[PDB]
Amino acid sequence: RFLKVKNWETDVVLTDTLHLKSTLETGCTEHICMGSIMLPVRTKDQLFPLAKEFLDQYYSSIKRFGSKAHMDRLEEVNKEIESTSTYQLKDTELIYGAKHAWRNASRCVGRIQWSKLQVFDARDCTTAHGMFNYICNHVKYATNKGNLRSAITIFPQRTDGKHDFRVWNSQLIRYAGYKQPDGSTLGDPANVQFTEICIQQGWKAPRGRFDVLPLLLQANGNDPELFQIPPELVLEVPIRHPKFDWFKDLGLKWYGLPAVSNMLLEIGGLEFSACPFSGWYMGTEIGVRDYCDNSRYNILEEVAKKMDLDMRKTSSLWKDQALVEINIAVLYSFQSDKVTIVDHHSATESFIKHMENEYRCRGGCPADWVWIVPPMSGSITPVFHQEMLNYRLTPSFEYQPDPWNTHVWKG
Amino acid sequence: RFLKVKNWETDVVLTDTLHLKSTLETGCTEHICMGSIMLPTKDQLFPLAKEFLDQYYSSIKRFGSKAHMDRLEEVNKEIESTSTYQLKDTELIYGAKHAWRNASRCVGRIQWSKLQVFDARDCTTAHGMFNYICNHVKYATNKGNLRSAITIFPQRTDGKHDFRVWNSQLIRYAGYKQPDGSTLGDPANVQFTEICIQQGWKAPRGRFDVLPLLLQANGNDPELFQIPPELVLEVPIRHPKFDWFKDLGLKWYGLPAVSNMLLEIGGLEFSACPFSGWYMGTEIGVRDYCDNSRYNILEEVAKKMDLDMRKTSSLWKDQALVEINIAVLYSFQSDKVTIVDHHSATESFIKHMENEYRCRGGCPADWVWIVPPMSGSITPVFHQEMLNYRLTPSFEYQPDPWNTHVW
Ligand code: HEM
Ligand code: HEM
Ligand SMILES: Nc1cccc(C[C@@H]2CNC[C@@H]2Oc2cccc(Oc3ccccc3)c2)n1
Ligand SMILES: Nc1cccc(C[C@@H]2CNC[C@@H]2Oc2cccc(Oc3ccccc3)c2)n1
Ligand SMILES: C[C@H](O)[C@H](O)[C@H]1CNc2nc(N)[nH]c(=O)c2N1
Ligand SMILES: C[C@H](O)[C@H](O)[C@H]1CNc2nc(N)[nH]c(=O)c2N1
Ligand SMILES: [Zn+2]
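Those sequence lines, one after another, are chains A and V. Residue numbers 299 to 338, 348 to 718, in full-length UniProt numbering, belong to the letters of the first sequence in order. Residue numbers 299 to 338, 350 to 716, in full-length UniProt numbering, belong to the letters of the second sequence in order.
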């Protein structure tokens, strides 16, 4: 079968065949579209087919499909599964797998970069202190004094599900949030529950507006342990505006390294429950979402007050005006400090070129429009006008339950 | 079978059961989501008629009554006899209001029950259609105090006697390709404008030429009519801060009036059913003015603002976008022509969704269309999960008539 997508701005039409290789389910049916829903131990039996499919994909990619080396590797994995119930990936297969999980990530606008991913193999790690060391090295490598480099660190795979490696933090670097008795929040409201966990575990909270959270790390299914990332490894950018001199006095800053730590990486049926990865920011992630969401820092009012905009009616577009100024400030600040960032125009234009190339070379590019379209100025970016097909390919990054809801406390 | 939707800003969860009624298909499957694609006998008619009357009689608390069974008998008799049937005025009005209620791409549905329905089923000629349409235009415009309205022309019969309005909207501006290589006026309407010329229209060849109506009655060749200018309320565009804005020579019309869709009620098909409401400001200021394939004015505006257009990261496009949209709202409000901003409209839609969940068990909504084309995440609809499904009565797309009509 062939499926067409159309760009309504350019009339360019593309043909997708890659969707035929998708097996996992979307949430949608013939009767209902779930495209805007945020969240819509394996047997030996189910494991060898997943391994075989992955290895066939790997061997095809290196132009060795059906070779002696391909056949011998299938036999070796087969033997290992029946004998031990699982298998180990070769370093080459792990690198290919992690790159392809990023390539397949339909909610990621940054995928033009997918083939440049530094993979750190941490499968020999055994303790939380060992995880802390791997993570510091990742942060220092990825930060590169502001010249950011994409990286992922991969801890040992799930065995029986009772010995999981997990980073409890949702991102490696994030700010604390504190609920006050009067109901107001100090710091980042998204991180209140996690901050409470840290405090309970013994973190002495400074109780400010931008306190970098400690890492909470779980090795081998044991209770997690706290660690403070060395401050010299945490690059931060003070936010100021090119024309508005009062902007600095809002006291805003943000960290340079966006690093997702709560997802699960599936490669050939194996499950890597701790696989922190990082790239660099697109400006709207900070200036639109982190700063201006009602349930996040929520700074729109204070900024619009300072700009002296007419705030009595929504129809003066004061919120829209303040939004653009904050986003200009974020890009200006990062660029001035020589910390890698991309604006939403550049990033979406690059994504369209990536997508077109993927269709030609791969037969498709699964993409989730709801997530790819930026959260401001949607239709003046080329992605708004681009039809997309969303489907699930493996290797993949998946969501997993927060570890505090599932962990068995050993005490 | 029961489905939950969460708002990620407020944590409110609603439960959807209304989707189980849904009959038509979405284009998605278990393996692929088509959420962002723009367009994804006698025997057939009685289940469709039945399903409709059942919901009609339920809505007036008379389900299973003698009037209910009687009407079901009467329509059954008429289909068996004539191969079609005729709606009672009450059913037509109900069907039309519900087609709006079921429109998953429409953010303005809080207004669904306040719709003036003009029954034009007695219409026979294109001059007659012109009369009905002028009357609709005048009524809906109401000298700037806009009222929602639909005019319904006779239903499909054998499909060779189709009523159609060839225009995509009742009021739109012409588009012309020039020797220059550029486009004068609205590039979306270039083809339709050509069809107007080839059928006889004398084009002024300006930037904002109100198009003529091309009306097809009873499957005949369509005919041209100029809408009386004094019935077309237009708004000159100016800015409350920038005195130079007015010299861009921009204007828009006050009445948004979709005329190319098909209304389906109880299996009956109404191929000419122009309807109108009032504008949300972004439709004009973001899409009409700033789409690259539309009036595409961002460059000119940014230049007059003297922004740094050297790099994308100065956000010069975004700054100009906001100002253009401020001018749209200010101009309509100053001239007392009804308009809604995207903040107000999306706030209302969330309230409407809550009413629908509470009173009907759900609300079909297409997130891709509901979230405004600028400032998405500062509107509450961005953070609201929505389930998309197709309920009838409905508005449906249909082929452009020039590709289909046999002259
Ligand atoms: C190189 C620069 C990159 C940029 C500019 C970028 C951009 C983005 C953005 C803007 C999002 C949406 C974030 C949100 O709204 O929460 C995202 C999501 C995502 N990206 Fe990237 N990305 C980059 C690198 C990476 C890397 C290195 C990986 C993994 C190897 C990755 C995998 C993902 C995944 C799995 C998501 C979905 C997250 C979720 O569902 O919460 N990206 N990307
Ligand atoms: C009263 C004020 C109204 C407002 C503010 C409003 C708002 C909107 C907006 C912004 C759109 C998206 C338009 C686009 O991007 O092309 C839309 C679509 C739509 N609306 Fe409304 N609407 C209103 C009245 C109506 C009425 C009276 C009807 C029918 C009786 C209706 C039915 C529809 C339909 C069927 C669509 C989808 C059109 C398509 O798929 O092209 N709306 N509405
Ligand atoms: N520029 C880049 C580079 C790499 C990765 C990203 C992803 C960016 C970088 N910070 C966070 C963001 O993803 C999130 C944000 C918030 C929650 C989250 O997890 C979820 C999401 C939905 C439901 C439940 C949990 C993921 N952005
Ligand atoms: N504020 C209101 C009130 C009622 C209706 C509307 C819908 C508003 C009123 N003008 C325009 C808009 O409909 C369009 C315009 C152009 C294309 C379109 O969708 C397509 C796209 C491609 C092919 C076919 C249809 C829909 N907006
Ligand atoms: C309900 C809705 O799906 C949700 O708010 C989504 C919309 N699109 C998004 N897109 C991105 N990139 N990130 C997000 O957090 C969201 N949130
Ligand atoms: C391809 C994509 O579906 C298309 O550009 C859509 C996106 N969302 C939209 N939303 C509205 N309200 N109107 C539109 O025309 C569109 N266009
Ligand atoms: Zn879908």
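Each residue gets a CB set at the ideal place from its N, CA and C atoms; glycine is no exception.
Spatial neighbours of residue i within its chain, please: C-beta separation below 6 Å, excluding the five flanking residues on both sides.
i	result
residue 649 (chain V)	589
residue 618 (chain V)	611 and 625
residue 377 (chain V)	366 and 371
residue 526 (chain A)	434, 435, 438 and 472
residue 307 (chain V)	692
residue 602 (chain A)	496
residue 312 (chain A)	303 and 666
residue 635 (chain V)	none
residue 344 (chain A)	No atoms of residue 344 (chain A) appear, because in chain A residue 338 is followed directly by 348.
residue 707 (chain A)	571
Could you name the residues of the same chain whose beta carbon sits closer than 7 Å to that of residue i, not counting the 5 residues immediately before and after it, in chain order?
i	result
residue 335 (chain V)	325
residue 465 (chain V)	471, 578 and 580
residue 657 (chain A)	419
residue 340 (chain V)	For residue 340 (chain V), no position is available: the coordinates of chain V end at 338 and pick up again at 350.
Just to check my reading of the structure: residue i and residue j have Cβ atoms closer than 8 Å, yes? What is that Cβ distance to the nearest angstrom?
i	j	result
residue 630 (chain A)	residue 680 (chain A)	Contact flag wrong, Cβ pair sits at about 16 Å.
residue 535 (chain V)	residue 521 (chain V)	5 Å
residue 381 (chain A)	residue 450 (chain A)	Contact flag wrong, Cβ pair sits at about 40 Å.
residue 694 (chain V)	residue 304 (chain V)	5 Å
residue 351 (chain A)	residue 402 (chain A)	That pair is no contact at about 26 Å.
residue 644 (chain A)	residue 544 (chain A)	5 Å
residue 355 (chain A)	residue 385 (chain A)	6 Å
residue 343 (chain V)	residue 310 (chain V)	Any structural detail on residue 343 (chain V) is unavailable, because chain V resumes at 350 straight after 338.
For residue i versus residue j, is the C-beta spacing smaller than 8 Å?
i	j	result
residue 425 (chain A)	residue 458 (chain A)	yes
residue 518 (chain V)	residue 483 (chain V)	yes
residue 711 (chain V)	residue 475 (chain V)	yes
residue 460 (chain V)	residue 583 (chain V)	yes
residue 462 (chain A)	residue 412 (chain A)	no
residue 479 (chain V)	residue 572 (chain V)	no
residue 586 (chain V)	residue 314 (chain V)	no
residue 432 (chain V)	residue 540 (chain V)	no
residue 569 (chain V)	residue 477 (chain V)	yes
residue 696 (chain V)	residue 301 (chain V)	yes
residue 318 (chain A)	residue 349 (chain A)	no
residue 677 (chain V)	residue 333 (chain V)	yes
residue 647 (chain V)	residue 455 (chain V)	yes
residue 505 (chain A)	residue 523 (chain A)	yes
residue 414 (chain A)	residue 615 (chain A)	no
residue 653 (chain V)	residue 621 (chain A)	yes
residue 669 (chain A)	residue 337 (chain A)	no
Under 8 Å Cβ to Cβ from residue i, same chain only, skipping five residues before and after it: list those, please.
i	result
residue 400 (chain V)	361, 362, 365, 574 and 575
residue 345 (chain A)	Because chain A is numbered 338 and then 348 with no intervening positions, residue 345 (chain A) cannot be located in this model.
residue 609 (chain V)	557
residue 651 (chain V)	589, 590, 591, 681, 683, 684 and 688
residue 509 (chain V)	533
Is the region 322-331 of chain V in contact with the region 321-335 of chain A, if contact means three or more CB pairs nearer than 8 Å? By the Cβ rule, the region 322-331 of chain V counts as touching the region 321-335 of chain A, because three or more pairs are nearer than 8 Å.
For ligand 7, which residues count as neighbours when the test is a C-beta closer than 5 Å to any heavy atom? Residues close to ligand 7 by the beta carbon criterion (under 5 Å to any non-hydrogen atom) are, from first to last along the chain, A:326, A:331, A:333, V:326, V:331 and V:333.
Taking any heavy atom of ligand 5 as the mark, which residues have a C-beta closer than 7 Å to it, listed down the chain? Counting every residue whose Cβ lies closer than 7 Å to a heavy atom of ligand 5, we get A:334, A:335, A:336, A:414, A:596, A:677, A:678, A:682, V:306, V:676, V:691, V:692, V:693 and V:694.
State whether the region 625-643 of chain V contacts the region 623-640 of chain A, with contact taken as three or more CB pairs (one from each stretch) at a distance under 8 Å. Because the criterion of three Cβ pairs below 8 Å is met, the region 625-643 of chain V and the region 623-640 of chain A touch.
Segment contact, 8 Å Cβ cut-off, at least three pairs: the region 640-649 of chain A with the region 534-550 of chain A: Cβ pair count under 8 Å is three or more, so yes.
For the pair the region 391-410 of chain V and the region 693-708 of chain V, tell me if three or more CB-CB distances fall below 8 Å. Flag = yes, the region 391-410 of chain V and the region 693-708 of chain V touch.
Does the structure place the region 415-429 of chain V close enough to the region 650-666 of chain V that three or more beta carbon pairs sit under 8 Å? A contact exists between the region 650-666 of chain V and the region 415-429 of chain V.
Determine contact between the region 598-609 of chain A and the region 524-534 of chain V, defined as no fewer than three beta-carbon pairs at a distance below 8 Å. They do not touch, by the three-pair rule.
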